[PDB]
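Throughout, protein chains are lettered first and strands after them, A, B, ... in sequence-line order, and every chain is numbered starting at 1. Atoms within a ligand are numbered from 1 in the order they appear, just like the ligands themselves. Note: hydrogens, waters and symmetry copies are ignored here, and every other heavy atom, side chains too, is used.
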Number of protein chains: 2
Amino acid sequence: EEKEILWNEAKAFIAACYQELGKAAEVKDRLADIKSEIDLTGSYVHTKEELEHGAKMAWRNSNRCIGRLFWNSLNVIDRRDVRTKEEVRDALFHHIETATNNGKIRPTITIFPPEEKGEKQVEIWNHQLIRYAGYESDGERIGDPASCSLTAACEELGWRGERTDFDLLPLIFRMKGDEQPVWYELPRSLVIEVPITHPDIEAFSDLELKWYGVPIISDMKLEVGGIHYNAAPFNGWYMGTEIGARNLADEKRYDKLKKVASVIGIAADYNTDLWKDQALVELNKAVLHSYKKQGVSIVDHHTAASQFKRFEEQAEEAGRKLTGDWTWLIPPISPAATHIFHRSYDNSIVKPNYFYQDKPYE
Amino acid sequence: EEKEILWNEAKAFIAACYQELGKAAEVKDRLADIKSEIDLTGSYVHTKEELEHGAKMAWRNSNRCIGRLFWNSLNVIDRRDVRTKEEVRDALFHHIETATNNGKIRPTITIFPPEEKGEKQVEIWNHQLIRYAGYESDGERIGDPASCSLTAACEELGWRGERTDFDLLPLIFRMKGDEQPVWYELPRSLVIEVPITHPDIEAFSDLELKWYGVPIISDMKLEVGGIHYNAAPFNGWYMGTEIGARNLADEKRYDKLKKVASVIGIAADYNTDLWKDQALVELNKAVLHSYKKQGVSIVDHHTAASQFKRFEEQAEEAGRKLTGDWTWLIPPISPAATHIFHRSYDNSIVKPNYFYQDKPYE
Ligand code: HEM
Ligand code: HEM
Ligand SMILES: O=[N+]([O-])c1cccc2c(Br)n[nH]c12
Ligand SMILES: O=[N+]([O-])c1cccc2c(Br)n[nH]c12
Ligand SMILES: [Cl-]
Ligand SMILES: [Cl-]
């Protein structure tokens, strides 16, 4: 059964991947080979080409991603060789550096060894590689609530944050055979960060907001032809709204709108003033401007959605069915000003793809 | 079969309605009575109490309505007696007047005679009772595009708009047995309208925006215990965002954002300025302010969503399952600033309810 699901995912996967790559004749033989390898080993190993392209497909089938126009240019780094924690840490450091590229961000994915009998070789605990600690000590909230549980896990283990609102979490992961993960402080030279300033309103700096340059999702599994790469951290660049509208705005995260409001000189007393809407727009403007001012790559949600419309034309022109989760594609501000809003999307799962998995802390 | 679906909807309906009204013992007998009436007539007639409460339930089960907190106070007007077009017109005029209430708007529904063998007694063509004409004469767009097809139907029939951007459409409906509908010009004394002005920016009047006070959906069917009231126009008051974010903003409707932008003294050249977001917020502010300034009832989307949260607590406290279409509940601006956004809703159909039906023009 295990063999059988694996075998089928593999057949589907190879046929489609080789078809896309104009390598259709080579399929019979490659499958034969795989049929033997799974017969013998109970698994099979991807070629470099298969793995690069699988990862590309997985991004392309990510229903919740608006920035899939650029799926085919994903930078794929194949680290299936790593056996030691030093190599993992160092692969992680490298990915941060190469993806950041001095602020001209490259969409990158580092792929570590797959699961064996569903036995993990590496288990990355961070949610993102770069992320801020969250504390809560008797109703004194500090930093990022979303990170509270992970943060108290690190602290268990030895780490100690400075309790700033933007403490950098360390990398923390576990190796097959170890009962505990290790952690390693993030070198600061690696992490680009941006202060938030407004183009017009100088008192805006008084807020002392900043955010990190690159979002690198480090806790989703990549599945490709029945192979489960549980550790395969990936990145793009940010759409502004995720910083300015979620991370900084949500009540459960940084909860900045009142302060935004106060410092932009509007009152926060009456819903009918639309002071949250208005703050949200100045804050999202502050975000794009600061990242563009710093030479760090970013997209606004309007631009992003025009990109995603090209993606839609291109799927269909390529004869590919489109999938999409409307609830995630629409941006959290001015969604009706994007075409995404006015159409519907088929939310089926096509593999290859990225998937959630259980957190090991909690 | 017809009898059978009708009979079952009826059983479900009566049991639930009488249960809610503490009239559970009276059910056996009322059903017996109905069983006879459908045996004989092929249909059955609602009591005043059943009909009032059915209409209330239908609003309560309207998954796409954020303003369901007020379902139980719906004003129900029972016009199952009307036989003539003069009575229909006059029922319509009355509803406009009584629902408007000098701007203190009363949620009201006028219920005309049901379908017979699915044969309509009255067929209302308007989408809303109060709505603006749309023209398009060789790439000269006038008024409201959404109304283009209806408008050319009236014009067929004799009506002639002044070709302003806010021409009032006439009432137009058809009576069983007539091959054509009639139309009747809307008396102007009946229709409250609001000019849009900004609280701060006086040049805002230069835009010469206005909108009508009361939205009255006149082309959906109400179903109650298997009875199909195809003509049962209903109203609430407006959430600002529907005017300020859809009606006035969408490209396919009035398409005002550039102009908004120009008159609020920001440039409309770069997506990264968030000039659509910013215009949308000043325009939605202009809308609430003008309606509150005029003594016309309106709700902002934040207030609305806090109301809808009480509705959610109240369903559950009453032991009722909640339903909801997330895609409609979220507002089209600052949706992530409402709790609606951060939860999910079950989109099943529970009857009684309001439903779409085929347009007769087009
Ligand atoms: C190049 C720039 C990129 C942009 C601007 C972008 C934008 C986004 C945004 C805005 C979301 C919504 C997520 C949220 O609301 O938290 C998202 C989700 C996602 N994106 Fe992308 N993305 C990019 C690159 C990538 C890459 C490189 C991959 C994979 C290789 C990817 C896979 C996904 C996935 C799987 C999700 C859903 C994640 C989840 O469940 O939380 N995207 N994307
Ligand atoms: C009292 C104030 C009311 C407010 C503020 C309100 C608000 C809304 C809003 C904002 C929508 C979204 C529709 C759109 O995006 O076009 C909506 C939909 C709807 N509401 Fe309400 N509503 C109210 C009263 C009513 C009443 C009285 C009824 C029925 C008796 C009702 C039934 C519905 C239905 C059926 C829909 C979906 C209509 C469609 O498919 O286009 N609501 N409501
Ligand atoms: O840009 N975003 O707001 C955003 C959200 C979630 C995941 C990603 C990645 Br991987 N690149 N950008 C992202
Ligand atoms: O207020 N709204 O934006 C809105 C939208 C659609 C239907 C209705 C009614 Br009936 N009252 N208010 C409505
Ligand atoms: Cl993020
Ligand atoms: Cl409307």
Undergrad: Of the choices A/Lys56, A/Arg64, A/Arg60, which has the non-hydrogen atom that lies closest to atom 37 (C) of ligand 1?
TA: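 Nearest option to atom 37 (C) of ligand 1, by heavy atoms: A/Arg64.
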Undergrad: For atom NZ of B/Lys210, decide whether the heavy atoms of other residues, nucleotides or ligands shown that lie under 6.0 angstrom number more than 12.
TA: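 Yes, the 6.0 Å shell around NZ holds more than 12 heavy atoms from other groups.
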Undergrad: Would you mind running through ligand 1 and noting each atom that sits below 4.0 Å from a heavy atom of A/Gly236?
TA: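 Reading through ligand 1 atom by atom, the close ones are 1 (C), 2 (C), 24 (C).
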Undergrad: Taking everything shown except B/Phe355 itself, do over 12 heavy atoms lie less than 6.0 Å from its CZ?
TA: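 Result for CZ/B/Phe355: enclosed.
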Undergrad: Could A/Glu20 and A/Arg60 be called an ion pair, given the rule that one side-chain N must be under 4.0 Å from one carboxylate O?
TA: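 Salt bridge: yes.
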Undergrad: Considering only non-hydrogen protein atoms, determine which one is nearest to atom 33 (C) of ligand 1 and report residue, atom name and distance to 0.1 Å.
TA: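 So the nearest neighbour among protein heavy atoms is A/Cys65 CB, 3.6 Å.
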Undergrad: Among all protein non-hydrogen atoms, which one is nearest to atom 9 (C) of ligand 1, and what is the separation to 0.1 Å?
TA: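 Of the protein heavy atoms, A/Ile66 CG2, 4.3 Å lies nearest.
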Undergrad: Using a strict 4.0 Å cut-off to heavy atoms of A/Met239, name the atoms of ligand 1 that fall inside it.
TA: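 The list of qualifying atoms is 5 (C), 10 (C).
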Undergrad: Between A/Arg253 and A/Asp144, is the closest basic N to carboxylate O distance under 4.0 Å?
TA: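 The answer is yes: the pair qualifies as a salt bridge.
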Undergrad: Can you sort out which atoms of ligand 1 are near A/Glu242, meaning under 4.0 Å from one of its heavy atoms?
TA: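 Result: 13 (C), 14 (C), 15 (O), 16 (O).
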Undergrad: Could you check B/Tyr291 against B/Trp237 for side chain to side chain donor-acceptor pair (under 3.5 Å), going step by step and ending with a plain yes or no?
TA: CA-CA 11 Å; B/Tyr291 270 60; B/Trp237 55 78; over 6 Å; no
Undergrad: If the threshold is 4.0 Å, N to carboxylate O, is there a salt bridge linking B/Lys252 and B/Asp250?
TA: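 Here B/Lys252 does not pair with B/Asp250 in a salt bridge, since their nearest N and O are not under 4.0 Å apart.
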Undergrad: Nearest heavy atom to atom 12 (C) of ligand 1 wins, so pick from A/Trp328, A/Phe234, A/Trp237, A/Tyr354.
TA: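 Among A/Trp328, A/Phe234, A/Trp237, A/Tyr354, the closest heavy atom to atom 12 (C) of ligand 1 comes from A/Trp328.
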Undergrad: Report the nearest protein non-hydrogen atom to atom 25 (C) of ligand 1: residue, atom name, distance rounded to 0.1 Å.
TA: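 Residue, atom and distance for the closest contact: A/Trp59 NE1, 3.2 Å.
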Undergrad: Measure A/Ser62 to ligand 1 on non-hydrogen atoms and call it side chain, backbone, both or neither using the 4.0 Å cut-off.
TA: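 Side chain only.
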Undergrad: As an exercise, identify every atom of ligand 1 less than 4.0 angstrom from a heavy atom of A/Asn235.
TA: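 Going through ligand 1 atom by atom, the ones under 4.0 Å from A/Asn235 are 27 (C).
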Undergrad: Side chain to side chain donor-acceptor pair (under 3.5 Å) between B/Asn284 and B/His301: does it pass, once the steps are laid out?
TA: CA-CA 10 Å; B/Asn284 281 276; B/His301 49 305; over 6 Å; no
Undergrad: Got the closest protein heavy atom to atom 38 (C) of ligand 1, with its distance?
TA: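 Going atom by atom, the protein heavy atom closest to atom 38 (C) of ligand 1 ends up being A/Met220 SD, 4.1 Å.
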Undergrad: Which atom names give the shortest non-hydrogen contact between A/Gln294 and A/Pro195, and what distance separates them?
TA: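 For A/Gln294 and A/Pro195, the tightest heavy-atom pair comes out as OE1-CD, 3.5 Å.
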Undergrad: With heavy atoms under 4.0 Å as the rule, classify the contact between A/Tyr356 and ligand 1 as side chain, backbone, both or neither.
TA: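 Looking at A/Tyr356 and ligand 1, just side chain atoms fall under 4.0 Å.
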